[PDB]
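The block underneath contains the structure these notes are about, expressed in structure tokens.
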Amino acid sequence: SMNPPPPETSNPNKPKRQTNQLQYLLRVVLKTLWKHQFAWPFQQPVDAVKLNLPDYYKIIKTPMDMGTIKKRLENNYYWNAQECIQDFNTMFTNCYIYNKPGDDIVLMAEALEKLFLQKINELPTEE
Ligand SMILES: Cc1cc2c(-c3ccco3)cnc(N[C@@H]3CCN(C)C[C@H]3C(=O)NC3CCCCC3)c2[nH]c1=O
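The opening position of the sequence shown corresponds to residue 42 in the entry's author numbering, with each subsequent residue numbered one higher.
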């Protein structure tokens, strides 16, 4: 029971939608970040057990990762792009909170966040 349940990636009670913005988030934004050399620690929930970070889920109570975001986008979990943008920002913020300055995971998150902001800068207008 050492790791928490992951964030939900489906919910039969949550209304679902496709928008051009959510298609762009999957096809352009997530695709760009996912194949980056720094993506791999962010491609699934933090395994606090295997990594021996027992305080991770004592400190981080709103976990998020690109594995979860990928499944949410694939499952049409989101109603709008802003929900998905908030998930990316949660993932980056958690990294900046939990880790100390000089930690390479912070420099990796900063590089992914810079690329994230470049890609969402041209988020297309809603059709
Ligand atoms: C999201 C997340 C993941 C993560 C992972 C990981 C690796 C595979 C999956 O997850 C490892 N270590 C972390 N923190 C380290 C804590 C100890 N300091 C000294 C170095 C810290 C550090 O910078 N570690 C990195 C991990 C990636 C390779 C370079 C070293 C992580 N912190 C995070 O917020």
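Built from N, CA and C at the ideal position, the CB exists for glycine as well.
DSSP three-state assignment for residue i, whether helix, strand or coil
i, result
"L158", "helix"
"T166", "coil"
"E49", "coil"
"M107", "helix"
"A80", "coil"
Cα-Cα separation between residue i and residue j, rounded to whole angstroms
i, j, result
"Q78", "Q84", "11 Å"
"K76", "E49", "23 Å"
"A89", "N44", "6 Å"
"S51", "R113", "7 Å"
"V70", "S42", "33 Å"
"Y137", "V147", "6 Å"
"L92", "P82", "11 Å"
"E115", "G143", "35 Å"
"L164", "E154", "15 Å"
"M105", "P56", "21 Å"
- Item | Three or more C-beta pairs below 8 Å linking the stretch 88-104 and the stretch 112-119 | No, they do not touch.
- Okay, do the stretch 62-74 and the stretch 155-167 touch, 3+ Cβ pairs below 8 Å being the bar? They touch, by the three-pair rule.
- Message: Runs of 4 residues minimum, wholly inside the stretch 111-145: which ones carry the alpha helix (DSSP H) assignment?
- Response: For the stretch 111-145, the full-length alpha helix (DSSP H) segments reaching 4 residues or more read 122-139 along the chain.
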